[PDB]
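Only one structure is covered here, and it is reproduced in the block below.
With ideal geometry, Cβ positions are generated from the backbone for all residues, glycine too; neighbour counts draw on all protein chains shown. Each reported figure results from applying straightforward, stated rules to the coordinates on display, with no laboratory input.
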Amino acid sequence: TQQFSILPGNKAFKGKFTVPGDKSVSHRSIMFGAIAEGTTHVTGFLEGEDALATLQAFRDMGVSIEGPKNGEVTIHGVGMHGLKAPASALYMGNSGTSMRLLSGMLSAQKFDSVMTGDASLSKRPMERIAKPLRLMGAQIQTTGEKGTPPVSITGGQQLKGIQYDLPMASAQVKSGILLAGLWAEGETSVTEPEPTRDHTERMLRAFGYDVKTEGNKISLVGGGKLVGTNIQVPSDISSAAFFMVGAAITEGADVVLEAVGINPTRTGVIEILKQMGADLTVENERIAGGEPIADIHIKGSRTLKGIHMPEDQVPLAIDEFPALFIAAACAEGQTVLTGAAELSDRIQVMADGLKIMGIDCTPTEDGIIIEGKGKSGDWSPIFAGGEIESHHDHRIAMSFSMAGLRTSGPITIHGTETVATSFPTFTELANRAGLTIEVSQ
């Protein structure tokens, strides 16, 4: 029942900011640090719902963990065989990611285990990860005809590597298979029909495990040992994207986003904004914890141009399109999104809010068409304001928050309590940049 409110008016948008840590990478560092040899020190950590569940599971399995505190975690790894049986069921809350990845890990252990979730997770099928694990010799049970949680795993099995053609692309199912393969006999291999994120693979390499990425075939050989290290979590590019868009639509904006993760499976938003004529540079590139990072410098030196968005960037920008829709509305000319059939109907929810603000747009079966109100060298308001329903989607809320940079009337966004969970410092950074957002309940 929380809401953001923004007043209209000309605003500045500038500064040097660092957004919160990537949630996937934060999570993987717990997964592998727990079973690695020696201690692992993590910095730039962000504890999301996935981290909390996994953190608790490994604590229940005997792992000593300090933090997180101020983004820092210390993990006293117990080695590949140092996990101890949990006294009761491992509660995963809403973390499907935790359940699917730990399915692979737990199916290789000596001890039995049961994974349970909240009301939402109890509805989600688990047979897409269970099926391949059982081919590896795992003893894993699901509930009912849809194979939903609880997931009951019998330990003491000897796993063997398989060559799996993944029916449906999924970083989670892929990861789960690979994790079981760490204990399996021989090589375990997953071939994915569509490209997915590879944070799991990159983190494994950081912990010293050999993982071959040969096109769409991803594989490893079991029997190795993970080695504790120092992990610097890159800042989340999905979070940075909102300020990239914000800078690109605000006259004379000058924003430097530091230590932004630029994993090639995540950088679609950069490529698209670049193709829209954005003044956006990527400099000071380096690698931290096996992840590539860079400083992003965005300037509102010119007006964005509407384009037919490149389809080859859609998988790489899937979460950032709500933000790009705001950019498109401010762009000069028409924008077209295609091949994004897999978008909560984020397209419909965005279209609804956009239409309220006076933007001509049209949801399509595989994307959306947006009639930009932008004009070159013109920085008059784009949005008329109004009251927005975010449907408790943090990306919808943060997107229309950026619209406050180019509005002629007040904006009120309902259902914003999930934003702080996803992006704790969002309103703080917005204010520091020159975008005042008032929060109320």
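So for the chain: antiparallel DSSP bridges make up what percent, rounded to the nearest 5? Bridges in the chain are about 70 percent antiparallel. Over all pairs of different C-alpha atoms, the range 29-185 has a mean inverse distance whose reciprocal, the Kirkwood radius, equals 15.6 Å. Ratio of Rg to Rh for the range 280-324: 1.03 [Cα atoms; Kirkwood radius as inverse mean 1/r over pairs].
Computed on the Cα trace of the range 198-354, the radius of gyration divided by the Kirkwood hydrodynamic radius gives Rg/Rh = 1.04.
Between amide H atoms placed 1.01 Å from N, distances below 5 Å from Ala253 occur with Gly300, all of them 5 or more places distant or on a separate chain.
Note on the range 23-233: dipole from Cβ charges, positive end direction compared against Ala34, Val151, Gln232; the farthest Cα belongs to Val151. Secondary-structure-derived ellipticity at 222 nm for the chain, considering helices only, amounts to -8000 deg cm²/dmol, per-run term -39500 (n - 2.57) for DSSP H runs with n ≥ 4. Here the scattering of the range 283-405 is modelled by Debye summation over its C-alpha atoms, one equal scatterer each and no solvent; at q = 0.10, 0.11, 0.18, 0.23 Å⁻¹ the log10 of I(q)/I(0) is -0.33, -0.40, -0.98, -1.37. For the range 17-81, what log10 I(q)/I(0) values come out of the Debye formula at q = 0.12, 0.19, 0.22, 0.24 1/Å, with one point per alpha carbon and no solvent? For the requested q values the scattering log ratios are -0.25, -0.62, -0.82, -0.97. Pairs of Cα atoms nearer than 8 Å and 6+ residues apart set the relative contact order; for the range 23-233 it is 22 percent. Note on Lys212: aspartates and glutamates with a C-alpha under 19 Å away, same-chain residues under 8 apart excluded, are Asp165, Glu185, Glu187, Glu192, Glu194, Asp198, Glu201, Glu291. By other beta-carbon atoms within 10 Å, ranking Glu271, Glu145, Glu47 with the fewest at the front produces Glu145, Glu271, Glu47.
Pairs exceeding 27 Å between alpha-carbon atoms, taken from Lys23/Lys274; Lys69/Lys131; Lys123/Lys217; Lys69/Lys110: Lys69/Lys131; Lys123/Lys217; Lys69/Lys110.
Taking all C-alpha pairs of the chain, those more than 42 Å from each other amount to 17 percent.
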